[PDB]
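Form deposited in one PDB entry, single chain, as structure tokens, below.
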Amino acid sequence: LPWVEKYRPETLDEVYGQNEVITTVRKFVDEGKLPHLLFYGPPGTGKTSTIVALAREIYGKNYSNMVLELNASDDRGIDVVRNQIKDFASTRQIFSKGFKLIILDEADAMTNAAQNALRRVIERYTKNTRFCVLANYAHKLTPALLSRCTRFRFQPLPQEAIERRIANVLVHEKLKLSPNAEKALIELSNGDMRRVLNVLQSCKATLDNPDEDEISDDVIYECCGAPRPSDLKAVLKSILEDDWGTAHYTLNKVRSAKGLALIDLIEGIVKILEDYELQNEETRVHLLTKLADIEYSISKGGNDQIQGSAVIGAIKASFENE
């Protein structure tokens, strides 16, 4: 079983960092006045966790008879899932507690279906169905009829809560994680719990001895497919200190052997340089402008070697300002 499903909390009391939204939803449900719900925000914040917790709080052992979780981006088709929803709506149960609880995960990826099918689904089944809509990215929600819901924005979880959850997962899975690996995973996921769990499970899979070996930051970076800070720091040091030939050779060798794209190398170098102490602000201005220009040109194509040498020259010229 996936770790996302396995460690999803079974009760509302186990949700961390969203106390205001938890209290509001609890007040709504405890009185039997559950309205249409819309949960939007960054991924991996606990939307599905909250909905399953409230569903199990309402019904309990017979929650499977009333709830129905469907993915909007399913390859089966929007028409097929619409027919599935219409078939589930016609279902009748002896108990009158609650309503039809349909969960539409990632419903924002409906650039045509939101106005085509979602409007009809929301309108026609008002009498006996409560709808939940989940969104991750910006406002793709077609506000024309989206207003018929209770908006709820999820904020990224605090780092302490993420660390505690990671420790709980480690002690449950009998996994040992280095502190550097934990820091790298937290930085890469940037509050996305789905990414944390998926990377942890995959890294455990790659271990030859899951119960004995320790997951290092190298394993985390290999699993995530992200540039290691050590490689970026080495490239930056070679560019700043060594002459042009050595810097060019080092940059090409590192970003070809390690499979780092030039745009990702630029992003990592910028991230590292943001922490540098520079006496002259003209250095920062030149660095930012030239690197943004190079990245924009890279997006359009162009010559790769020329762009790499342009990055090296831009960094050198900017740091010539001390």
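Between two forms, the rigid core is defined as the largest C-alpha subset superposing within 1.5 Å. Quick note: we count residues from 1 along the sequence shown, nothing fancier.
There is another form of this protein, the form deposited in another entry, and it is not shown here; the text below is about that form.
Chemist: When the rigid core of both forms is overlaid, which of 251, 107, 200, 232 is the one whose C-alpha moves 2 angstroms or more between the shown form and the other one?
Modeler: Once the cores are aligned, the residue moving by 2 Å or more is 107.
Chemist: Return yes or no for residue 97: a CA shift of at least 2 Å between the shown form and the other one, with the rigid core superposed?
Modeler: Yes, the C-alpha position differs by at least 2 Å between the shown form and the other one.
Chemist: Using the core for the fit, does the CA position of residue 22 change by 2 Å or more between the shown form and the other one?
Modeler: Indeed, residue 22 is displaced by 2 Å or more.
Chemist: With both forms fitted on the core, check whether the Cα of residue 189 differs by 2 Å or more between the shown form and the other one.
Modeler: It does not, since the residue 189 C-alpha is displaced less than 2 Å between the shown form and the other one after the core fit.
Chemist: Thinking of the 3 angstroms or more shift, are the C-alphas of residue 178 and residue 49 brought closer or pushed farther apart in the other form than in this view?
Modeler: Here the pair is closer than in the other form; there, farther apart.
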